[PDB]
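Visitor: Residue numbers (the numbering used here), protein chains in the order written: chain S, 4 to 163; chain D, 153 to 752; chain F, -12 to 250; chain R, 427 to 445; chain Z, 29 to 178; chain U, 10 to 57; chain V, 21 to 67; chain L, 1241 to 1699.
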Amino acid sequence: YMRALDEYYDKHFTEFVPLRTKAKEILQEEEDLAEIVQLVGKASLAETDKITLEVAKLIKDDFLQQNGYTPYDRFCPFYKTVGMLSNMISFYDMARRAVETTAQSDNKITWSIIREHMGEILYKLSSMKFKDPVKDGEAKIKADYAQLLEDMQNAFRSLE
Amino acid sequence: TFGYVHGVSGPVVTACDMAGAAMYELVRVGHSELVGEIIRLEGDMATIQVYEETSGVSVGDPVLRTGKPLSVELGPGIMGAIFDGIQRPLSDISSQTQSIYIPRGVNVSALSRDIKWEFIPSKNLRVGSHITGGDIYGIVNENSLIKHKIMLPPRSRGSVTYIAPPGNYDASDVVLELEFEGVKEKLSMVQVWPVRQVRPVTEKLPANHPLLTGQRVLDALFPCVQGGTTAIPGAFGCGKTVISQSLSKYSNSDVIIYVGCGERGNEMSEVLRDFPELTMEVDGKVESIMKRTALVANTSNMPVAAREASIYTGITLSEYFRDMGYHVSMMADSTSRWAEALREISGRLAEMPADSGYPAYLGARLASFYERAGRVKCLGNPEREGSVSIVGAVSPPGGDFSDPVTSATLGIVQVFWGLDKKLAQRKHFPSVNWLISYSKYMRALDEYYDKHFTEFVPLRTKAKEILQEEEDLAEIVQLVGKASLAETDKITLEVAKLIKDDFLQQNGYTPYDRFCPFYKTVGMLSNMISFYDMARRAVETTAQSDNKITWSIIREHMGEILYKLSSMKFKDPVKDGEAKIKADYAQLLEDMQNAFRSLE
Amino acid sequence: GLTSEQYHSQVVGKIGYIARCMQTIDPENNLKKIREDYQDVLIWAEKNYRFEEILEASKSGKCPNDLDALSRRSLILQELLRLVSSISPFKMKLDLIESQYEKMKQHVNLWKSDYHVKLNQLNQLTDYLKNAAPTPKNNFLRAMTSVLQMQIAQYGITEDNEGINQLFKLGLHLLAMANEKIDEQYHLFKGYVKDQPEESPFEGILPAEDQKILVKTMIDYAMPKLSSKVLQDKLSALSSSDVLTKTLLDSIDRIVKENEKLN
Amino acid sequence: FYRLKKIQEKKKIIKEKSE
Amino acid sequence: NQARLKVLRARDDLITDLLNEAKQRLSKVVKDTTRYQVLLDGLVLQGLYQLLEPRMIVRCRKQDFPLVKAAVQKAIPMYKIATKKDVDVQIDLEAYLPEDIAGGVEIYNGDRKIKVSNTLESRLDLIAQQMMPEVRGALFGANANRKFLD
Amino acid sequence: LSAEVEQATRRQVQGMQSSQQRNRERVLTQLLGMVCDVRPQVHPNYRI
Amino acid sequence: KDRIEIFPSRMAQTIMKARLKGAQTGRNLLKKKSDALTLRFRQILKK
Amino acid sequence: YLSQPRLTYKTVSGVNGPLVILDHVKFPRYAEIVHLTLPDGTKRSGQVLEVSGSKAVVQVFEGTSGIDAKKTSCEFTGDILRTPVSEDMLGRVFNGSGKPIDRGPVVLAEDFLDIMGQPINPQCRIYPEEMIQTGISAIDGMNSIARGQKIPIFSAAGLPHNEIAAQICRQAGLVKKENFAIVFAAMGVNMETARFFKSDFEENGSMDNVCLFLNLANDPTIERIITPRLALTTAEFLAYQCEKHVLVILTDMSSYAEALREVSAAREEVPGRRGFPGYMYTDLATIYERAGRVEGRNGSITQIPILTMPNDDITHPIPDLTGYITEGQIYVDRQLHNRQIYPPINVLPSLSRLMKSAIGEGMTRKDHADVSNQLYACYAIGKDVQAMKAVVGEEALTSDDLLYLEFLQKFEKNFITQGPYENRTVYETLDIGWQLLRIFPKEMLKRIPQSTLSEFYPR
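Quick look at the structure:
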């Protein structure tokens, strides 16, 4: 039903379809990389592969993992879903941009540098799932996710 | 005479009023006369497996009772004919019906009864002369190539009461009459033989003569014998077409019978398009191989009984032309498809599924089919000797030789020419892998080689050992590289390459080595093994000296000799007669001896 | 192998076939040795036994019924009959026929013998010439094969005659040689003629008319290469010869060679 | 397959019994 | 697509008009007493031949009862001659066909569980549906693309 | 072009009507002639 | 021993086919690793 | 013509599953089409599955629910199922049994053809030769289809094999360096996908060529059995009589195999291999082999069966026998699908046996074969280099390995990845192939003869 739902998404959640496409691509890349990480080793991975693996862990553990017994995650509104996925994919794209652009350059950037610099950003992306629509209204959740995006952009601008 | 349809369900038609019907007999059901086989009897109720689609067959429809089981119709007109697995003359059905389909329940005679044949009776035969089954009582000039010898059927005998004078006769004309115990038999030029019954012969002699094909790899390393049994892998890029063409054009077989036995539509269309166009030079004239070839061609949508009986119709025609004194070469294009048809028939009959779904008798059927191949002292008075060489190909699933059909075929057959797609990609034609291939007729052909080609056997053994050594050294090359190889090992590798690229490899399109006479093949192998032996001798006998010889030294000194060895292929058997090619190879050997003597 | 009924039917048929072969090879009852050797099987053909009666005799064992021995003897007679028939126009002396019969009987295995192979080659040639249309290749083949048949009749196939071997080799090579290779055919025939010890290889063997056709064929191939009208008239005069001769071929060759030199 | 074939045979025999 | 379907609908309506005219013309053919008598004889005998039961009941329109009776009288002997089978043929005088039917008959067996409808409506429909290729070719011309008929 | 499609449809309908009118009489004559022509006959499989 | 001792079943057949493909992929990757190591090893030996 | 009246029977002896066993039938005909009226007037169709004595076991197309003895009538039409075929059924939507479902009129027959047809004579079939371009680069430039080939598509449940089928139907045509038609048969296709097919073909403007047969999942299964035969009878009429190159797309042959299994169980036959009929090979051959060029006729029938490989098992009887009967395969990959590549056609396991007959000078172009071979070789090397890079690391790779990785990425992004409505002429496909081959220098294109590189490599 994705093809039939394209019309609904491109009018109500215009930005969601590319986010879903990139999320599926990232998950498949992680599936392809885990076989190799476990068969041979983790040392030979490129920086972009590390971004893919760690963003896939982020998405799997804190976007595709939903405990339905909690007050905050019993039902996740689609605005919450699309906002969370937008933040995760924005982080993915921007981190890949950093590592690729600084490749073949003196001030090289690696996944370790990003993780060490902004452990707070990763923690906030992880806690994004805790927003409770009942008390954290739609406007509040959207504003918080926009603030997270702003913090991500600022921290990457400082890194760059 | 006539039964009636009492019930119909799928292809199974139950017919009443069939008291006298015989098991496995053939019947014509319906008003369109669909072919059917009696597979059961119960009182007057005969159960019939109808070959063709039974839609429209209604209760009360007449069932004509053919008084024979599935029997091929043997006689003049076989040569150049295209038959279904049931003996339906596709080339005549298409002409008479002017349609692209095979009409349901077509009843066209297998051999034309209107065409006239020039029949010359045996000069010795008269009125009262004693005649016996298998006796040739006349010859028909079917082609400029094949003289069709008209023979009495087996199980027939007596004293001749009328033998026709030489003249033009058709298959319906009575050409002979005989009497035995007062019973008078009138024999036309066409007989009929059950396909599933082995045609009798006075004796089944051992196979002791090669089935030459012209391909050096097949003729030399893995020889087949007239009356042999061979298997060929069936794949996309394997190159079975080279084997089929070589057997059809250049082999010493007097006759060729090609059995489709259930090929794809366009795959069979390719064969029907190509085989008529192939030509062979006989008596200096370029005749068509269809003057001596028959095609039992049927695609995968034909009646399953047609596909399953294709092998038997082909082998019965081949046995017929063996009994005439000829050497026939039957080629089942893929026995795997025949085995699938057999499994389908078993499933339709609801028989217990044996190993991996195949029937409980697949091995027995394959063995009994391949047992019909061989060289025989043909039945009949004129002392003859014929043979049937079955070259039936098989299709291993994904290259696995472990399925029931491939396993049974490899257990039964005595030769395996193991075509490989890997070598085809490497552009090594013919693509016989020359490592998985094998031939169990070497001990049978030892006598023939020792009589005509005394030196061939040691040459072949040495060539095979060279190739095995090269295969074993391929791993050592990986482990330690080429620089770590001894001089003897370098010689082995660089003569194994010579044999691979300049002896086994052969281009079927060139005018010079499209067909390689066995004398040429043995000459080339003799020169190659002579080079190998003298190089090895030089290396071994200079290992004790400080001026030790190396393969590099020999190559530098005798690049000319190596070039001549590579160019031995390019001798034309036609223009460069046997004498000239032999003399040139002897001169080459003289030059190698001179060069080695000077170097050593 | 064979059921008893069919085995004894084969025995009867083979006795009849041996009788027919004897009748065909020696209708005049001149091959006394052979007929004596085949007396035990020809006795059942001399008297008018019906198939049923002779079959009963074979079943009882009264008549020879060892189908392997009958096959061997029938083949010994059949190869001799083939030898006699392949040279049909050229009869063979009774002494020669009897000697070759003894040689065939002595042979261990006829179906692998050199005599059988030589007969197969001669039969190839005879069969081809039985229907081939008149052409230079076919005329050359007929001439060489007729000479070969004469040599076979006058010597026999049970020896290593160099003349017969040469004729076999050349005839088979010409037969296998392509139809259009006119030059190769003509030079093969010319080489054979030049290598025959006799000056007139085909004299008395072929009819005078076939001699004339053969010389006409040689002249036809010689003419188109000539340029001098005087030597062309000489060639035309030579074409009037009624017999082919080695010296006549040499004269034609010299005519064409002087024409070449004059060119 | 054996069980189903046996069941079919028994059904045929029962049908004959009823007929 | 709508235009293609509309022209096809127009063609189908023309065919339906032709078949309605055929119905209305058969309803006038029935009024020819001699021709309708011959037709009724044919239809009754045809139903008898299709059915082949020992006992038969012919159902027909009330106004057609005389003719049908005559037909039966003519069919009983011919049938006996053609099949060699003794036959009884009654005419249902208690339940006739609807008066608005064009004509024809309906032959039931003794127990009425097998019926053969030889009414002019059914016969015309059965003939026309098989004729449709010929009617198409004649009314709207043959297909220039169709080169082979087999 | 939509009006062109409509006009083409109308032209096709008129052509069909004319081609019908041309052969309608013979079509109907043949159809009714073969409807009236009965030819009663028993089933071919009937045997006595 | 000879067999993994998974009870015959279509699920078991699928699991074993997946395991065979995974083992073959791991073998090929380790063979490529060995090829790279051997190439560098022979380069260092020549050096 | 059948002039005799139809016989109607109230002698229903029994009802069992989908079967109505009637008794006292006059010379029952096997496979007869029979129209039965229920007690309440509902009309249904049926086919005489089996015949015995005076009995007749009628498999009803619809269910037997509501059918009863003593009141259900059953009129035997006296003839087997014959379909009305014409050229006007090109641009129409029919259900499984041939009844139009586009609100158009019933087919005004040009002929009445038996659906089972007859086997094309092997001696009359001709080698397919020229090419039918589907507009899809992944199969035009690497698995091209000859005029007369039978090349199935293999996929699993959930992959876009139906979307690829619709794309091929919308774009299929002759190379073009009005004699083409498409006969789309959909079997066991849920309502959503049937509506997708119908609306797509209607909207995209290709309906003038397409005859569409839709057998929904909840439509009778015997209708599913007779759907491919209707489609191929129409294809044979259009190709071998109207002389136009037909392309038959038979969707979800797995659903057809399921219907075949259901009918076999209805006949009370024992299951064969993996639960399917033993004669499934013959039935699939009967369907597929109604294809190919023929002697003396300018039309043809190409076939593209589509299969849902159950459990992604290539050894399953349906894909196995289809590969045994057909002449190629186009693999729809779950990995490419997950990576969001469309069409997710994997070109390594896919194959087209008769590609060589469908390419070359005068058919597609001089360089088609060489470009295809080089593209396949470079793609395989690129996959190998990805596997190597995964072990050695990006730095350890040589320049040629980087070139191969770049070609792999740009090949999956430009050649394979196409988009549903991107129709590429085979010349466009070859131009893209050359754009991708110009990543490497002339020397690494070892599978392209220099005669071709000197002409097409530059620019």
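By construction, the Cβ of each residue, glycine as well, lies at the ideal position given by its N, Cα and C atoms.
1. Note down, one range per segment and in chain order, each beta strand (DSSP E) of at least 3 residues found wholly within the region 1598 to 1666 of chain L.
2. Just checking my contact of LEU597 (chain D) with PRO221 (chain D) at CB under 8 angstroms: how many whole Å lie between their CB atoms?
3. Going by alpha carbons, who is nearest to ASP1573 (chain L) out of L:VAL1587, L:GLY1563, L:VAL1503 and L:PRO1468?
4. Going by alpha carbons, who is nearest to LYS1416 (chain L) out of L:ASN1402, L:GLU1432, L:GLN1358 and L:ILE1372?
5. At a Cβ cut of 8 angstroms, what residues of the region 1500 to 1530 of chain L count as close to chain R, listed as they run along the chain?
6. With distances taken Cα to Cα, identify the nearest neighbour of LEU148 (chain Z) among Z:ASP40, Z:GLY138, Z:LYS112 and Z:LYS59.
7. Would you say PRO49 (chain U) reaches chain Z, if we count a Cβ-Cβ gap shorter than 8 angstroms as a contact?
8. Would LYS392 (chain D) be called buried (16 or more neighbouring beta carbons within 10 Å of its own) or exposed?
9. Going by the CB atoms, is the gap between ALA446 (chain D) and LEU424 (chain D) shorter than 8 angstroms?
10. Counting Cβ pairs closer than 8 angstroms, one from the region 1454 to 1466 of chain L and one from the region 1328 to 1344 of chain L, do we hit at least three?
11. Looking at chain F, is there any beta carbon in it that lies within less than 8 angstroms of the beta carbon of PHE271 (chain D)?
12. Using the beta-carbon of each residue, which ones in chain U are nearer than 9 angstroms to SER1612 (chain L)?
13. Is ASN90 (chain S) helix, strand or coil by DSSP?
14. Nearest by alpha-carbon distance to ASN90 (chain S): which of S:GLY71, S:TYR4, S:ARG100 and S:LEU61 is it?
15. Report the option in L:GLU1476, L:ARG1605 and L:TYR1528 whose CA atom is closest to the CA atom of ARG416 (chain D).
16. I'd like to know if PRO375 (chain D) contacts chain L, where contact means its C-beta is closer than 8 angstroms to some C-beta of that chain.
17. Using a Cβ cut-off of 7 angstroms, which residues of the region 164 to 194 of chain D contact any Cβ in chain L, in chain order?
18. Anything in chain S within Cβ reach of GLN1287 (chain L), meaning under 8 angstroms, just list it in chain order.
19. So, is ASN52 (chain F) buried or exposed, given that buried needs 16 or more other C-beta atoms within 10 angstroms?
20. Under a CB-based cut-off of 8 angstroms, is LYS441 (chain R) close to chain L?
21. Using a Cβ cut-off of 8 angstroms (strictly closer), state whether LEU40 (chain V) contacts chain S.
22. Going along chain L in order, which residues have a C-beta closer than 8 angstroms to the C-beta of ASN54 (chain U)?
23. Using CA coordinates, which residue listed in Z:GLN30, Z:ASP40 and Z:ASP41 is at the minimum distance from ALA17 (chain U)?
24. Here's a check: name, in chain order, each residue in its chain whose Cβ is nearer than 7 angstroms to the Cβ of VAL347 (chain D), leaving out the five neighbours to either side.
25. Excluding the 5 residues flanking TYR600 (chain D) on each side, which residues of the same chain have their C-beta closer than 7 angstroms to its C-beta?
26. For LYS27 (chain S), return the contacting residues in chain L, with the cut-off set at a CB-CB distance below 9 angstroms.
27. If you run the structure through DSSP and keep just helix, strand and coil, what is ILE272 (chain D)?
28. What's the gap between the Cα of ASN1402 (chain L) and the Cα of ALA1434 (chain L)?
29. How big is the Cα-Cα spacing for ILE139 (chain F) and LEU339 (chain D)?
30. By Cβ distance below 8 angstroms, which residues in the same chain neighbour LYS111 (chain S) in space, the five residues on each side in sequence not counted?
31. With a 10 Å radius around its C-beta and 16 neighbouring C-beta atoms as the bar for buried, classify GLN74 (chain Z) as buried or exposed.
32. With DSSP as the reference, label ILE192 (chain F) as helix, strand or coil.
33. Which same chain residues end up closer than 6 angstroms to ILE135 (chain Z) when comparing Cβ atoms and leaving out the 5 residues on each side of it in sequence?
34. Unbroken alpha helix (DSSP H) runs of length 4 or more, entirely within the region 371 to 451 of chain D: which are they?
Guide: On the basis of the supplied data:
1. Within the region 1598 to 1666 of chain L, no complete beta strand (DSSP E) run reaches 3 residues.
2. With a Cβ gap of about 38 angstroms, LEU597 (chain D) and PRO221 (chain D) do not count as contacting.
3. Ranking the options by Cα distance to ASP1573 (chain L), first place goes to L:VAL1587.
4. Per the C-alpha coordinates, the member of L:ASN1402, L:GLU1432, L:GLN1358 and L:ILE1372 positioned closest to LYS1416 (chain L) is L:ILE1372.
5. Going along the region 1500 to 1530 of chain L in chain order, one finds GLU1508, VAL1510 and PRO1511 with a Cβ nearer than 8 angstroms to chain R.
6. When each option's Cα is compared against that of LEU148 (chain Z), the closest is Z:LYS59.
7. Yes, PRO49 (chain U) lies at the interface with chain Z (some Cβ there is under 8 angstroms from its Cβ).
8. Buried, since its Cβ has 16 or more Cβ neighbours within 10 Å.
9. In this structure, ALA446 (chain D) does not lie closer than 8 angstroms to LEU424 (chain D) by Cβ.
10. Contact holds: three or more Cβ-Cβ distances are below 8 angstroms.
11. Not closer than 8 angstroms to any Cβ of chain F, the Cβ of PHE271 (chain D) fails to qualify, so no.
12. Those within 9 angstroms of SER1612 (chain L) in chain U number zero; the least Cβ separation is about 41 angstroms.
13. Residue state for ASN90 (chain S) is assigned as helix, using DSSP reduced to three classes.
14. The shortest C-alpha separation from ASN90 (chain S) is found at S:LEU61.
15. Answer by Cα proximity: L:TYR1528.
16. Not an interface residue.
17. From the region 164 to 194 of chain D, no residue has a Cβ closer than 7 angstroms to chain L.
18. By Cβ distance, chain S contributes nothing, its closest Cβ being about 36 angstroms from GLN1287 (chain L), past 8 angstroms.
19. Counting every other CB atom within 10 Å of its CB across the protein chains shown gives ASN52 (chain F) a total of 16 or more, marking it as buried.
20. Judged by the 8 angstroms Cβ criterion, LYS441 (chain R) is not in contact with chain L.
21. No, because no Cβ of chain S sits closer than 8 angstroms to the Cβ of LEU40 (chain V).
22. Chain L residues near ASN54 (chain U): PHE1267.
23. Closest option to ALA17 (chain U), Cα to Cα, is Z:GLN30.
24. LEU222, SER223, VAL224, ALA461, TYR464, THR465 and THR468, listed in sequence order.
25. Closer than 7 angstroms at Cβ, skipping near neighbours: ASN360, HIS361 and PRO362.
26. For a Cβ distance threshold of 9 angstroms, residue set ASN1578, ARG1579 and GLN1580 of chain L lies close to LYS27 (chain S), ordered along the chain.
27. The answer is strand: DSSP assigns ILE272 (chain D) an E or B state.
28. Distance between the alpha carbons of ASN1402 (chain L) and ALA1434 (chain L): 10 angstroms.
29. Whole-angstrom Cα-Cα distance: 39 angstroms.
30. Closer than 8 angstroms at the Cβ level, and outside the excluded window around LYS111 (chain S), lie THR105.
31. Counting other Cβ atoms within 10 Å of its Cβ, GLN74 (chain Z) reaches 16 or more and is therefore classed as buried.
32. In the structure shown, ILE192 (chain F) sits in coil (DSSP, three-state: anything other than H, G, I, E or B).
33. Correct list, in chain order: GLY75, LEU79, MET84, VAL86 and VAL144.
34. If one requires a minimum length of 4 residues, the alpha helix (DSSP H) runs lying completely within the region 371 to 451 of chain D are 392 to 401 and 417 to 429, in chain order.
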